[PDB]
Protein chains: 4
Amino acid sequence: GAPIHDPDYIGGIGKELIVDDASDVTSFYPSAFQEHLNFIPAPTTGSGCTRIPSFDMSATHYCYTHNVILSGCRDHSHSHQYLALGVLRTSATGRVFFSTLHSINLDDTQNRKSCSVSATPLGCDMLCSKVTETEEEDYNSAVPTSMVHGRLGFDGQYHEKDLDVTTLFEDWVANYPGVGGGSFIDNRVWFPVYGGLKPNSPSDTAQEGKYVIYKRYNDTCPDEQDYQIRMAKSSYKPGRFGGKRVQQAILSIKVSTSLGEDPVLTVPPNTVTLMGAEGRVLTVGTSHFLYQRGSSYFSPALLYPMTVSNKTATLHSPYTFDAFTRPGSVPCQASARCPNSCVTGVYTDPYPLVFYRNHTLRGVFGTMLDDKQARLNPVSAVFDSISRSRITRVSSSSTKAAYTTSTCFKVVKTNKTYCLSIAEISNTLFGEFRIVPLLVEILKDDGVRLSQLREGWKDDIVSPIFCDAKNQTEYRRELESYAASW
Amino acid sequence: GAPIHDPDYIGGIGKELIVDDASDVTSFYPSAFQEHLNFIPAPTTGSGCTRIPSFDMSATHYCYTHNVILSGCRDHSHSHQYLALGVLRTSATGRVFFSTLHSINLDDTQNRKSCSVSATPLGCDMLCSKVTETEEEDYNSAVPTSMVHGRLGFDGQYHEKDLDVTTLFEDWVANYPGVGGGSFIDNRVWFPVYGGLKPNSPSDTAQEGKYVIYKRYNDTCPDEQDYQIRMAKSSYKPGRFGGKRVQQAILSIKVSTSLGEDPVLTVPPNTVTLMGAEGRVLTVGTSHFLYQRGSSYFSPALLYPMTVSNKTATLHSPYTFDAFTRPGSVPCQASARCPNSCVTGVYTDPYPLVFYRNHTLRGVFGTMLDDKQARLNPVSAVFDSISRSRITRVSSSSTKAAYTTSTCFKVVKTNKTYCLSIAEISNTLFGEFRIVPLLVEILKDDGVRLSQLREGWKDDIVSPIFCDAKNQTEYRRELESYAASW
Amino acid sequence: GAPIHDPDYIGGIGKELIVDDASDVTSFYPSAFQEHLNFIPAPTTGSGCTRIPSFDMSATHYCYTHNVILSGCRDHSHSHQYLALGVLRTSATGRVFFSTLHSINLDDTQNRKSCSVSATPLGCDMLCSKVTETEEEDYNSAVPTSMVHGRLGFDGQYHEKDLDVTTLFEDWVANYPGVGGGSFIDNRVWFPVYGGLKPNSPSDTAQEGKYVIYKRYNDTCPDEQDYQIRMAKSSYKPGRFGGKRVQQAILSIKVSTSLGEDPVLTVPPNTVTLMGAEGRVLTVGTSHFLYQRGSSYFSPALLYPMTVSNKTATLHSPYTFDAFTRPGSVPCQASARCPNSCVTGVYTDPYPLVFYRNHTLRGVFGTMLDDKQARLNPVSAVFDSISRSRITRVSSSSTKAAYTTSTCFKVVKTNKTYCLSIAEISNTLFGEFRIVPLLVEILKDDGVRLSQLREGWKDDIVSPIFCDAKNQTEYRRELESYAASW
Amino acid sequence: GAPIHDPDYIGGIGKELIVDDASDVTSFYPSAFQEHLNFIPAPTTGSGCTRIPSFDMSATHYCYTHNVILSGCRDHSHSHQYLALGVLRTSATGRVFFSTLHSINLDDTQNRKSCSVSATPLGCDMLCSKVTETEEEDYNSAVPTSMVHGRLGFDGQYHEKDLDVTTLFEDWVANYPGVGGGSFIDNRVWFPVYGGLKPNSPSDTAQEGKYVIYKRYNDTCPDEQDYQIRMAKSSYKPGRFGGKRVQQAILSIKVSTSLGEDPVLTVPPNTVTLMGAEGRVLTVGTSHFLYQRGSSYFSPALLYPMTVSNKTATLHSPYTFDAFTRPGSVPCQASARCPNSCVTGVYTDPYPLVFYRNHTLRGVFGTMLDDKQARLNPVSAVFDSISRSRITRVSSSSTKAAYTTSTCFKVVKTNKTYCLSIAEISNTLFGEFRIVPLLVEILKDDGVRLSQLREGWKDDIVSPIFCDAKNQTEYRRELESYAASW
Ligand SMILES: *[C@@H]1O[C@H](CO)[C@@H](O[C@@H]2O[C@H](CO)[C@@H](O)[C@H](O)[C@H]2NC(C)=O)[C@H](O)[C@H]1NC(C)=O
Ligand SMILES: *[C@@H]1O[C@H](CO)[C@@H](O[C@@H]2O[C@H](CO)[C@@H](O)[C@H](O)[C@H]2NC(C)=O)[C@H](O)[C@H]1NC(C)=O
Ligand SMILES: *[C@@H]1O[C@H](CO)[C@@H](O[C@@H]2O[C@H](CO)[C@@H](O)[C@H](O)[C@H]2NC(C)=O)[C@H](O)[C@H]1NC(C)=O
Ligand SMILES: *[C@@H]1O[C@H](CO)[C@@H](O)[C@H](O)[C@H]1NC(C)=O
């Protein structure tokens with residue numbers, strides 16, 4: 001009944017990709033991006049933008065979707081959504097390309113933002129928040145954000161249902177999906193979530209006093225012991241929301257012919273998770289991961305080994321990768337070693353790649369925006385706990401960068417490992433944001449930087465190409481203004 | 001068996017959308033660009049470009065293709081092709097989109113150039129040239145170009161046959177399809193083709209001494225009578241090709257389960273056609289038309305009415321639209337009123353729109369490159385024999401552009417006529433070129449721009465935004481250089 | 001669109017040839033072999049052989065094919081395939097002969113083995129397995145063998161679709177087409193198929209306990225009931241295949257403009273079929289058949305009456321012909337009356353010839369290899385359930401032979417029933433097997449051998465002619481080695 | 001209207017294939033035999049043989065025919081004639097293989113013997129004699145042999161016209177075409193013909209006293225001058241014909257829509273040509289040849305330079321190749337250096353292969369029967385004036401053989417020169433003779449007989465394979481008795 005995949009993929013899809021205990025994680029590096037076919041539509045109107053891609057790689061199919069903001073790129077503006085389910089396919093020449101069996105376009109009045117999608121046996125499942133108001137008004141709204149549920153089936157038809165926000169979220173002021181891909185666990189699909197908590201509610205006094213700190217590396221926070229505790233605490237209550245607690249949430253909805261059956265929220269204790277934020281839930285073989293965005297003071301990409309028992313989820317000590325960082329505010333940037341209360345950053349997810357014999361994780365792959373402050377210079381690299389492998393530049397100079405979601409799959413019949421980072425980059429004319437399906441293969445560092453590098457750089461015309469701007473580097477300044485987030 | 005269309009589109013597809021004798025031509029007009037899902041793939045590759053698009057609209061379905069060069073944008077260079085078939089559907093809100101049902105992506109060792117495609121009952125029929133050598137090299141090859149005739153089934157599987165060139169094209173040095181595709185007439189499909197002839201052959205001796213001169217409205221050439229003839233003659237033997245005679249053609253193949261069954265080559269007298277160049281065969285109502293790109297002296301768009309009998313065709317003097325002009329090299333430019341030997345211009349196709357009570361053609365639609373010299377500033381307006389209506393600018397400033405293909409259909413249920421224009425635009429990052437399906441509706445001028453006019457301009461970052469360059473206007477020099485062509 | 005046949009043949013093909021309840025079956029006999037123009041190519045290489053023919057006769061055309069080993073005659077080795085489609089034609093003198101209208105010779109890199117063909121409304125459909133490995137290697141290969149469905153269209157062109165085995169054959173370790181061809185029925189083509197099953201697979205569990213014993217006429221096995229059952233049961237798991245069950249299978253594809261569309265795999269109960277082997281799917285008048293080779297304990301020829309309902313055929317207790325035998329290894333040879341586990345014999349099909357008044361089958365014709373043990377002495381003859389007619393020998397003495405596939409038809413104009421056997425015969429120089437189409441007319445014994453009898457024997461030089469060898473009759477020993485096989 | 005060929009050959013048919021004044025003639029040698037698809041029919045009847053192949057290759061098509069005896073191999077026996085025309089094609093992988101485009105098999109009461117065939121502009125033009133009587137009975141028949149003009153057209157049908165022999169042949173007792181085909185020149189065809197002459201008739205009294213002595217090589221003839229002159233003369237009155245003069249003659253008919261129009265008989269002087277016999281007419285490029293069979297005392301092959309003026313041909317002093325010999329009766333064998341009155345030999349023709357800059361012949365190709373006395377050991381080799389290159393053996397040991405006609409062509413695209421030898425070889429079962437399309441590629445001797453030889457030999461089973469015969473070499477006797485001719 002399900003589309004499944006092509007002959008060559010089955011067996012290498014959604015499983016531990018690389019296990020070697022003799023080799024080093026950094027010995028694995030990405031090749032130059034490979035030519036394939038685009039399943040991601042391109043902007044027609046030169047007015048509004050399109051951003052926020054979501055991807056989940058099933059053993060069977062794949063699910064992807066993004067949001068289209070009709071006019072202006074502003075968060076709250078009236079928006080559409082394009083969801084697409086598909087299947088890997090290999091051409092007559094045996095080249096790799098993603099294929100879309102069924103897509104959908106929602107043009108209606110109702111709004112959807114931070115739609116996350118996961119792959120489940122029944123179809124494409126996505127959890128969207130319905131926004132009739134803006135960010136500020138919603139935190140001012142004691143009524144949980146109207147949330148819904150939908151499934152794109154292999155039949156192509158789309159059926160939706162509106163979950164009960166009041167009951168589920170009664171302790172929540174605002175509720176949004178973690179924007180990232182979820183995954184299918186024990187016959188119920190799980191999505192990450194984040195949001196603010198009502199003052200003095202059952203769930204708020206629950207995380208009260210709870211906090212945690214994770215250091216970066218060799219260099220350690222120069223602040224005193226009792227000083228590290230304070231900043232870590234108030235982080236959960238940023239000024240943006242005026243002393244509201246943003247908690248990390250995890251939603252578990254059973255996958256059944258009945259849409260939205262037995263919704264169950266699972267909140268990890270704050271002695272584990274940092275300030276609530278958007279992210280992605282991953283399952284590699286028997287392993288389960290919850291990816292948290294760097295919205296907090298901590299730059300290095302985080303993967304929380306997670307488990308599920310009795311409809312509820314457990315979170316353990318997060319996997320950190322130091323070379324893999326993200327841009328953010330002044331208090332919280334790629335170089336920040338201390339705790340603080342701030343709002344900045346961006347979504348870039350590592351997808352588990354390299355593993356040990358005991359099956360524990362060691363190093364991964366990611367498409368990172370390489371920079372300290374503004375969101376810039378997309379770069380693809382393979383990571384371990386400490387540093388990252390040789391990289392591949394999306395373009396020379398620096399180019400406008402945004403949310404990136406990476407996924408790695410294996411081709412059994414060719415015995416070759418592939419990774420697809422779905423990325424947002426400056427679209428210039430046509431609305432400033434065009435998401436691209438980049439394709440790459442992991443290689444082995446053993447051999448004879450052969451003097452021919454197509455991964456060295458790539459050509460961006462938006463900075464260069466007539467006038468050389470002006471070289472006193474208010475350009476850096478004008479660039480850092482050129483970067484728009486949230 | 002066939003997909004047909006939505007119940008909405010049936011009845012308004014491929015016909016005369018507007019017939020009024022009491023309406024002035026320029027009094028209709030395009031809308032601002034409408035929002036729709038893009039059915040056209042975007043470059044993954046950060047190396048080569050994506051060029052030479054083609055389109056046809058069947059009473060049932062649509063057929064489209066575009067060629068992808070793997071290294072650089074050069075004409076001869078090795079390239080994959082991408083073809084697809086799709087339908088016209090209406091979403092839940094009644095919105096207008098074009099869905100691709102089945103697409104094929106050609107990765108093989110065969111290098112296909114200038115591919116013409118038509119929508120046919122049995123599927124998508126495509127005429128392509130496989131090219132072993134470069135342009136000059138093949139005009140040095142007394143051997144006619146090698147070609148193919150394929151069809152993409154509704155079943156998704158794509159078949160191809162190599163048609164016999166040595167027999168059929170025998171008098172030709174080189175033979176190329178006309179890009180934008182011919183159409184389905186009388187249980188056989190007809191494609192546009194141009195190319196070089198074997199000097200003093202059967203055909204070369206046929207078009208010898210034959211010519212025709214086409215003047216411009218209200219503007220007459222100051223040159224002497226004999227002179228004009230002397231030129232116009234030499235128009236068919238341009239310098240680039242060395243005394244050889246460049247000829248126009250249309251190819252008729254009988255649509256059948258077998259591919260390429262019974263090829264018949266229709267060669268018109270030059271007493272009618274200008275220097276052979278690329279084009280399109282269009283069918284609207286009972287009306288057949290053949291577009292010729294303006295690749296020699298005559299700028300105004302040319303629609304040659306066409307009759308069909310005995311597997312061959314016959315041409316009659318073209319419908320001249322003096323409102324519709326293309327850029328070109330200095331000798332033949334949007335302005336030029338005299339005959340001149342030259343090779344320049346671009347493919348911009350007029351689509352028949354308004355007709356009289358006697359069934360003759362009145363006005364047409366299209367996107368034109370607005371400029372005298374090079375390819376720049378695409379625009380979409382309505383035209384009659386002389387002037388042109390209020391336009392819709394695809395960009396403010398001026399940006400690099402290319403071939404554009406316009407097509408107009410009617411939505412019967414809502415009784416709303418729409419126009420699709422597929423244009424190529426400088427893509428900067430990702431290979432300099434991208435093929436966009438622009439959307440436009442036909443509206444009535446009668447009324448009161450409201451002092452809003454969002455259709456006026458569209459932003460472009462290519463040229464401006466860090467520097468503005470050097471107003472010294474050597475800018476226009478490099479902007480002219482930013483144009484890439486054949 | 002069809003080529004059909006010559007008007008003299010029309011009405012005699014694919015029907016019941018003889019109905020007399022009054023005449024004795026064995027009163028009908030083959031003439032002496034007839035002179036006709038041979039449509040089956042003969043070897044060029046003085047190295048590899050050419051073996052394994054398959055033939056099916058449409059009411060319009062015919063379809064024949066054979067594999068060719070490029071070097072050596074060994075099964076696994078690289079093999080071309082020649083497929084032809086042709087027609088019955090009558091010369092000026094009315095002399096019957098077979099004509100090839102179009103042909104395709106597949107020399108490519110894909111290995112096609114055990115190829116079956118069938119005459120269908122669209123052309124020549126055929127079903128081949130492509131083999132990467134030796135049979136040995138593939139019964140260990142948990143993966144089912146790749147198969148392809150090609151068709152040669154009257155247009156002369158040839159197209160392939162490799163059907164997707166992982167899903168269709170999923171319960172099979174290896175899978176092969178039944179050599180001798182299938183027939184076109186109910187707007188879908190049906191093929192003979194065999195292979196091994198995965199232990200404890202849905203199919204395997206389905207056949208567990210299932211078996212049948214077929215007994216020889218007038219000769220009954222002395223072995224006690226228990227024993228026979230045990231032996232019989234073992235027949236399905238010969239030790240050559242290592243205790244995997246060897247299963248007979250029928251394959252149906254719906255013949256359509258799309259090759260290999262909507263396959264359905266019909267696995268009969270072993271409560272009926274014997275051990276899996278090659279075969280032929282026959283259609284005679286309103287009746288249908290499945291020929292099964294004698295590859296296990298049961299010597300006589302087998303036709304299974306086959307009813308077709310719901311794309312899945314059904315089978316019934318088989319017609320047997322007790323004097324139509326096949327050579328076999330000691331446990332299972334011409335004379336074998338008991339059940340035993342073995343793999344032997346040769347493909348020689350009966351073609352239903354004579355019928356009763358109720359349309360049931362009464363007797364058949366065909367070419368049998370006449371000897372108890374090895375492959376030797378081809379003889380053509382008419383058979384009934386019990387014994388056989390006056391015969392005709394392809395040669396005096398005893399010649400190495402192989403598969404035979406016979407087909408009988410009637411020329412109504414003259415009212416003369418004829419029969420074609422395509423036979424595998426030793427070729428001496430040129431590769432040891434030459435596939436030849438012998439031709440014969442059927443006759444009523446009522447009449448007067450006139451003391452002429454040119455049908456008695458034919459001269460073979462491969463045994464005699466400079467020496468006569470050594471009468472010690474170790475000749476027999478060597479002669480039995482002159483036979484090669486599978 | 002002709003079929004032409006596949007585009008890859010054009011320009012490689014009927015021209016000087018090899019011109020190097022630097023290379024040694026014997027440095028060009030044949031390949032091992034090549035795998036291809038056999039276009040010549042294979043025997044069905046196990047009684048009568050199939051003999052006497054003729055061939056001519058025009059740049060458009062080819063023409064081949066052969067005779068089929070019904071019972072026994074005896075010349076005069078009633079026999080069918082097969083004629084077919086075809087077109088060189090290359091496969092998917094570019095393999096050379098011939099194809100029969102059209103064929104007719106003549107079963108009528110007429111007998112066509114010693115049939116020659118020439119590919120012309122209008123089709124396959126063949127010339128046969130219709131034989132009522134035996135060879136004896138005919139040369140005692142004062143009346144000239146009835147002959148005929150057939151043609152096989154592209155439309156597929158075949159017409160025939162009997163030319164007036166009484167008027168044309170008046171001076172002859174008997175007349176037959178030269179077997180191997182002649183070729184078309186200047187809007188009229190030319191055939192090889194030999195036969196007898198009425199005593200004291202104009203043609204006979206002309207050739208009286210005219211004779212030619214051709215000396216082999218460094219081995220000369222010791223007999224004195226008168227003894228030689230006298231035998232050289234006797235050479236034209238062999239006993240077989242009883243003092244009737246055997247003459248060589250060339251037949252020229254006009255090639256038109258009306259068969260038999262304007263026949264002309266050119267008879268060259270005996271001061272040039274040896275005793276008359278079967279032969280071939282070869283137009284290679286700008287030159288013309290005639291191959292006289294070795295039917296007389298001259299062992300080496302013979303190519304007479306042949307010029308044409310006034311519809312009547314003319315010959316010149318012949319090209320001798322001493323290496324390329326033929327077997328015959330005792331007085332005239334491979335080794336005969338002197339003149340003699342005898343009748344033997346066989347048709348094995350040289351095909352012009354290597355040339356000089358002045359367009360004079362240097363060496364040829366051919367398949368020769370290598371032996372002094374009887375017809376045995378087919379071998380392919382490249383010859384020059386004196387010696388021969390490395391050779392290809394159609395088999396090991398000594399296999400019964402017969403006429404060989406051969407022609408060489410080039411494949412332009414791949415630029416490779418091939419050669420086709422059509423040759424008669426012992427068939428054992430199924431008729432004692434089989435005509436086979438033997439294929440080869442010519443090679444450069446430059447290189448290193450690499451220690452891997454498949455051309456070394458080939459395997460025949462008719463001498464060997466049980467009993468080793470008996471070694472006293474009455475075997476050579478029984479062998480030389482296993483060869484039958486004429
Ligand atoms: C699986 O094996 C790996 C390799 O030994 C373990 O990795 C070590 O973990 C310890 C404990 O944290 C560290 O002190 C070492 O630095 C790690 N070594 C390396 C090379 O990474 C890992 O702990 C094991 N996993 C489990 C669950 O036992
Ligand atoms: C169809 O109607 C149109 C519009 O009246 C005709 O076009 C006119 O043709 C006449 C005669 O050649 C010209 O004098 C006018 O200048 C044309 N008018 C325009 C606006 O182009 C056309 O002739 C009619 N078709 C036929 C075949 O009679
Ligand atoms: C079809 O006809 C055949 C021949 O008449 C029938 O076969 C006979 O069946 C009867 C009844 O069992 C037996 O007594 C005879 O021995 C059979 N004859 C032969 C030659 O086998 C057959 O029964 C008929 N089919 C049906 C369904 O009745
Ligand atoms: C097969 O036949 C049965 C009985 O008519 C019918 O119910 C069923 O629908 C058929 N199967 C298919 C797939 O059409």
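Residues numbered from 1 in each chain as written, not as in the entry; some residues may be left out. Chains lettered and ligands numbered in written order. Heavy atoms only, no water. Residues with missing side-chain atoms left out of burial classes, pairs and counts.

By the naming in the PDB entry, chain A goes by Hemagglutinin-neuraminidase and is assigned to Newcastle disease virus. According to the record, the entry carries the title "Structure of the Ulster Strain Newcastle Disease Virus Hemagglutinin-Neuraminidase Reveals Auto-Inhibitory Interactions Associated with Low Virulence". In its Catalytic activity section, the UniProt entry covering chain A states "Hydrolysis of alpha-(2->3)-, alpha-(2->6)-, alpha-(2->8)- glycosidic linkages of terminal sialic acid residues in oligosaccharides, glycoproteins, glycolipids, colominic acid and synthetic substrates." (UniProt positions renumbered as here; feature names shortened; annotations may be inferred.)

**Student:** Mind showing me how you'd approach the sheet that holds strand β25 (residues 392–393) of chain C here?
**Tutor:** To summarise the sheet geometry, strands pair through backbone hydrogen bonds and adopt either a parallel or an antiparallel arrangement. Residues and elements named next belong to chain C. Within the open sheet, the 5 strands sit side by side as β1-β22-β23-β24-β25. Their pairing is mixed. Every interior strand has two partners, whereas the edge strands, β1 (18–19) and β25, have only one. In terms of strand pairing, strand β22 (residues 351–355) meets strand β23 (residues 361–369) through 4 bridges, oriented antiparallel. Note on β23: the bridge partner recorded for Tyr351 is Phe365. (Pairing = 2+ DSSP bridges. Helix = DSSP H or I, 4+ residues; strand = E, 2+ residues; numbered from the N terminus.)

**Student:** Would you take a moment to explain the site of ligand 2 for this structure?
**Tutor:** All names here are of chain B. The environment of ligand 2 is made up of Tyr356, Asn358 and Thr360. Contact between ligand 2 and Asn358: an oxygen atom at 2.4 Å from a side-chain N or O atom of the residue. The fraction of the free accessible surface of ligand 2 (570 Å²) that becomes covered by protein chains is 21%. (Near = heavy atom within 4 Å. Polar contact = N/O pair within 3.5 Å; in protein donor to acceptor, adjacent residues only side chain to side chain. Areas by Shrake-Rupley, 256 points an atom, 1.4 Å probe, with all protein chains shown as cover.)

**Student:** Explanation requested: the interface of chain B and chain C in the structure shown.
**Tutor:** Bring the parts together and some accessible area is lost; that lost area is often taken as the interface size. Facing 5 residues of chain B, the contacting portion of chain C comprises 5 residues. Buried surface at the junction of chain B and chain C, summed over both partners, amounts to about 490 Å²; 39% is from carbon and sulfur atoms. Counting across the chain B and chain C interface gives 0 salt bridges. Linking chain B with chain C are 3 residue pairs in polar contact, by the criterion used here. (Contact = heavy atoms within 4.5 Å. Buried area = accessible area lost by both parts, 1.4 Å probe. Salt bridge = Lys/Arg side-chain N within 4 Å of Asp/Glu carboxyl O.)

**Student:** I'm lost on the UniProt feature "disulfide bond" in chain A in this one. Help?
**Tutor:** All names here are of chain A. With its sulfur atoms 2.0 Å apart, the listed UniProt disulfide between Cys332 and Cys342 is closed in this model. Of this pair, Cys332 sits in the loop between β20 (319–321) and β21 (348–349) while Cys342 is found in the loop between β20 and β21, placing the two residues 10 residues apart along the sequence. Judged by its relative accessible area of 7%, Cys342 falls in the buried class. For the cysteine pair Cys408 and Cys419, annotated in UniProt as disulfide-linked, the sulfur atoms lie 2.0 Å apart, consistent with the bond being present. Of this pair, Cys408 sits in strand β26 (residues 401–411) while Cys419 sits in strand β27 (residues 416–425); the two residues are 11 residues apart in sequence, bridging distant segments of the chain. (Disulfide = S-S within 2.5 Å. Buried < 20%, exposed > 50% of the residue type's maximum accessible area, 1.4 Å probe, protein only.)

**Student:** So what exactly am I meant to see when it comes to the arrangement of the chains here?
**Tutor:** Most contacts, when the 4 pairs of chains in contact are compared, are made between chains C and D. Chain D makes no contact with chain A, the minimum C-alpha separation between the two being 16 Å.

**Student:** In this structure, what is going on with the interface of chain D and chain C? I would like to understand it.
**Tutor:** If you look at the interface, chain D gives 48 residues, while chain C gives 47 residues. Between chain D and chain C, a total of about 4,000 Å² is buried, with carbon and sulfur atoms accounting for 65% of that surface. For the pair chain D and chain C, the interface holds 0 salt bridges. Our count for the chain D to chain C interface comes out at 14 residue pairs in polar contact. Looking at the side of chain D that touches chain C, the elements with two or more residues in it are β5 (79–86), β29 (434–441) and α5 (475–480) of chain D. For the side of chain D that touches chain C, the element with the highest residue contribution is β29 of chain D, accounting for 4 residues. Within the side of chain D that touches chain C, the residues separate by chemical class into 22 nonpolar, 16 polar and 10 charged. (Nonpolar A, V, L, I, M, F, W, Y, C, P; charged D, E, K, R; others polar.)

**Student:** Explain the relation of the copies chain B and chain C to me, please; I cannot follow it from the model alone.
**Tutor:** Two copies of one chain are present, and they are related through a rotation about an axis combined with an axial shift. Take chain B, turn it by 178°, move it 0.5 Å along the axis, and it overlays chain C with an RMSD of 0.4 Å. What we have between these two chains is a two-fold relation. Most of the interface of chain B is mirrored in chain C, where 100% of its interface residues again form contacts. (Least-squares fit on C-alpha atoms.)

**Student:** Whenever I open this one, the pairing of strand β24 (residues 378–384) of chain C confuses me. Can you help?
**Tutor:** The two faces of a sheet get side chains in turn, since along a regular strand they alternate between them. Residue and element names in this part refer to chain C. With 7 of 7 residues buried, β24 lies mostly within the body of the structure. Burial along β24 is two-sided: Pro378, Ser380, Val382 and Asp384 and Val379, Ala381 and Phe383, pointing in opposite directions, are all buried. In the sheet, β23 pairs with β24 via 7 bridges, with the strands oriented antiparallel. Directly across from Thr367, in β24, lies its bridge partner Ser380. Bridging between β24 and β25 involves 2 bridges; their strand directions are antiparallel. Bridge pairing in β25 places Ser380 opposite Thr392.

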